[PDB]
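Read the structure below first, then the notes.
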Amino acid sequence: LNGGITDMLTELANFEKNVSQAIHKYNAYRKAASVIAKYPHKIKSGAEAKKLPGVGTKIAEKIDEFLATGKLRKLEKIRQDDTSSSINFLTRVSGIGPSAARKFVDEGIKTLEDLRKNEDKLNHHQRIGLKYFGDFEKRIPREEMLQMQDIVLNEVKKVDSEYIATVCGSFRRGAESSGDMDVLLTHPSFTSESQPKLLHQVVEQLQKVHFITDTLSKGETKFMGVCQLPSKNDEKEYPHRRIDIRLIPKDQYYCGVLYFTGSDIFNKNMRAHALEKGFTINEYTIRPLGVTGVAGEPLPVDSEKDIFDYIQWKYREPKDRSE
DNA sequence: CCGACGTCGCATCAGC
DNA sequence: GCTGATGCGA
DNA sequence: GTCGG
Ligand SMILES: Nc1ccn([C@H]2C[C@H](O)[C@@H](COP(=O)(O)NP(=O)(O)OP(=O)(O)O)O2)c(=O)n1
Ligand SMILES: [Mn+2]
Ligand SMILES: [Mn+2]
Ligand code: NA
Ligand code: NA
């Protein structure tokens, strides 16, 4: 419908982030691309698009050029640019951001092939990102996500039956596919007022049954790694997937569950309705805003519905949280 | 005009 | 060796 | 790049 415009803006967004290192221009282009993608008409002019929140003068100008020529001169130019295109591409490797990609291209390292010839110049994360470059860019069918959930909940309960684990993200919202697996973990012995090994014992077990295959980062509260479903007999093996496991205190668990379930826009909207009701919501707590704007102590939470009631909101199932 | 634009855990770097 | 900054992907 | 105080 407006795919040409949105693809154009998305591509401009990446070059800003990865090449120009302008994170705010990156978000600006993506916000404009998002608001246009939801627009239910084929855009006839830049002036028409400028009415949308996130589309200003510059983008309205760029849209006019695209509509009249079928392309953007600047975008066509940076596409052909060997240095810029290589920098932007290298950032597709997990662990290689704008800064690392810049350094690599500066010293002649421009392709995955070049990265493969230069392992010693890559850190642990970047090696894993390189190894699973293809797998990481694939999506995960819900059926596989269900099998992944089966393993996680089973092994977690096996370590300690008092653990509470919840797979959040787009999966919990009931999406037909997901980009990764977000696991939230808590235990009755862990509160805010509070063992340093609650997360480790879970990771260890998942590694023992060969579910977790690699580790990108691991601390006392947050694990980021790689997992893979078991090979079904003599059939083709499953792609490696990204998995995060977060250990959250019991009293902050459901604010965490609410947040990490999403979606992006839903959180933004829910934070807005909360503020107009005199409440502030982060990933940890929900707090009442005093008469002068001072935030008081965090209110007790025992479920998602508690937060919904606090701001006088009708509870919405994760299924209906796309926005 | 000009500052905000989310904030943070972990790995690793820079400086001392 | 320690501390704070930076990069990175959330 | 866009918005808004
Ligand atoms: N911009 C962001 C990023 C993260 N989040 C918190 C809520 C997002 O819905 C959520 C989970 O992040 P995510 O996995 O990167 N995105 P999401 O699960 O919606 O998409 P997939 O990666 O599962 O395809 O974390 C947020 O509210 N806003
Ligand atoms: Mn996710
Ligand atoms: Mn995620
Ligand atoms: Na990257
Ligand atoms: Na990337």
Side-chain angles (χ1 to χ4, degrees), chain A residues 5 8-36 46 49-63 72 74-75 87 90-104 121-130 132 136-137 168-170 178-185 196 199-200 203 214-226 241-249 252 255-256 259-267 269-272 274-275 280-285:
Chain A
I5 296 183
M8 168 188 63
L9 299 183
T10 297
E11 188 173 354
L12 286 175
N14 294 334
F15 282 109
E16 291 294 343
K17 177 181 59 139
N18 306 317
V19 177
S20 293
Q21 298 180 225
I23 189 62
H24 302 301
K25 284 192 177 183
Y26 159 81
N27 291 321
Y29 276 112
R30 273 177 63 250
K31 180 186 179 187
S34 297
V35 73
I36 288 181
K50 198 174 180 301
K51 301 179 181 178
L52 305 177
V55 179
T57 296
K58 300 300 206 63
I59 290 177
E61 290 182 304
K62 290 187 172 68
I63 287 178
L72 272 189
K74 293 186 179 183
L75 191 50
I87 293 180
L90 287 184
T91 62
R92 286 169 58 184
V93 179
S94 180
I96 298 184
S99 181
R102 179 71 72 101
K103 277 186 54 185
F104 286 143
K121 292 170 175 288
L122 270 54
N123 61 31
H124 183 64
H125 190 143
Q126 290 161 346
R127 293 180 173 118
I128 305 300
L130 170 60
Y132 304 119
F136 283 178
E137 289 190 349
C168 305
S170 59
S178 296
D180 53 24
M181 165 163 282
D182 311 285
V183 185
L184 265 60
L185 186 69
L199 177 56
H200 166 84
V203 177
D214 302 87
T215 298
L216 297 171
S217 65
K218 185 167 89 71
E220 298 178 355
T221 53
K222 177 157 146 289
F223 169 83
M224 298 175 60
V226 183
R241 311 298 195 176
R242 280 277 295 105
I243 181 178
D244 294 353
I245 306 180
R246 299 171 168 268
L247 184 67
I248 303 184
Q252 297 184 2
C255 285
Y259 176 74
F260 291 109
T261 300
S263 67
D264 277 23
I265 315 174
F266 171 75
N267 286 327
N269 295 342
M270 185 168 183
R271 256 78 173 274
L275 250 119
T280 171
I281 300 179
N282 50 38
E283 74 177 64
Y284 312 108
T285 61

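We name chains A, B, ... by the order of the sequence lines, and we start the count at 1 in each one.
For A:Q21 against A:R102, the heavy-atom pair with the smallest separation is OE1-NH2, 4.0 Å. Nearest approach of A:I59 to A:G54, heavy atoms of both residues: CD1-O, 4.3 Å. Nearest approach of A:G262 to A:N267, heavy atoms of both residues: CA-ND2, 3.5 Å.
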Could you pull out every donor-acceptor pair under 3.5 Å between side chains of residues 12-19 of chain A and any protein atom, sequence neighbours left out?
unit_1, atom_1, unit_2, atom_2, d
A:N14, ND2, A:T10, O, 3.4
A:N18, OD1, A:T91, OG1, 3.3
A:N18, ND2, A:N14, O, 3.0
A:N18, ND2, A:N88, OD1, 2.8
A:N18, ND2, A:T91, OG1, 3.2

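What separates CD1 of A:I248 from P of B:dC8 is a distance of 14 Å, to the nearest Å. Regarding A:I63, its CD1 atom lies at a distance of 13 Å from the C1' atom of D:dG1, rounded to whole Å. Atom CZ in A:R127 sits roughly 15 Å away from atom P in B:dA11 (whole-Å rounding). In this structure, the NZ atom of A:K103 is 11 Å from the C1' atom of B:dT12, given to the nearest Å. Rounded to whole Å, atom P of D:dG1 lies 5 Å from atom OH of A:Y29. In this entry the distance linking CD1 of A:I23 with P of B:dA4 reads 17 Å, nearest Å. Atoms OH (A:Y259) and P (B:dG9) sit 12 Å apart, rounded to a whole Å. Following rounding to the nearest Å, A:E220 (CD) and B:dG9 (P) show an atom-to-atom distance of 12 Å.
Remark: A:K58 engages no residue in a salt bridge (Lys or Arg N to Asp or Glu O under 4.0 Å) (not counting sequence neighbours). For the side chain to side chain contact (heavy atoms under 4.5 Å, CB included) test, no residue two or more places apart in sequence or in another chain qualifies with A:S99. Under the ring-ring contact (aromatic ring centres under 6.0 Å, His included) criterion, A:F136 pairs with A:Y132, not counting sequence neighbours. In this view, A:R30 satisfies the salt bridge (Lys or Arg N to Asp or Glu O under 4.0 Å) rule with no residue, not counting sequence neighbours. By the side chain to side chain contact (heavy atoms under 4.5 Å, CB included) test, A:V203 is found to be paired with A:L199, A:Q207, A:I212, A:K218, A:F223, residues two or more places apart in sequence or in another chain being considered. By the side chain to side chain contact (heavy atoms under 4.5 Å, CB included) test, A:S178 pairs with A:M145, A:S170, A:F171, sequence neighbours left out.
Comparing B:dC10, B:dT12, D:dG1 against the side chain of A:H124 picks out B:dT12 as the nearest. Closest to the side chain of A:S217, out of B:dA11, D:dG1, B:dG6, is B:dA11. Comparing B:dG9, D:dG1, B:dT12 by their nearest atom to the side chain of A:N123 picks out B:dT12.
Note on A:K17: nothing from the nucleic acid sits closer than 4.0 angstrom, heavy atoms only. Within 4.0 Å (heavy atoms only), A:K25 reaches at least one base atom of the nucleic acid. As judged by a 4.0 angstrom heavy-atom cut-off over every strand, A:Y284 is placed among residues touching the sugar-phosphate backbone only.
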Could you run down the sub-3.5 Å N/O contacts of the protein with nucleotides 3-5 of chain D?
unit_1, atom_1, unit_2, atom_2, d
D:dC3, OP1, A:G54, N, 3.0

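Each of A:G219 and A:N27 was matched to the nucleotide of DNA chain B holding its nearest heavy atom; the match closer to the 5' end belongs to A:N27. Between A:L216 and A:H24, the residue anchored closer to the 5' end of DNA chain B is A:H24, taking for each the nucleotide with the nearest heavy atom.
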Reading 5' to 3' through nucleotides 5-10 of chain C, protein heavy-atom contacts under 4.0 Å coded B for base, S for sugar-phosphate only, - for none = --SSSS
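When the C1' atom is used for both B:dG6 and C:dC8, the distance is 16 Å, rounded to whole Å.
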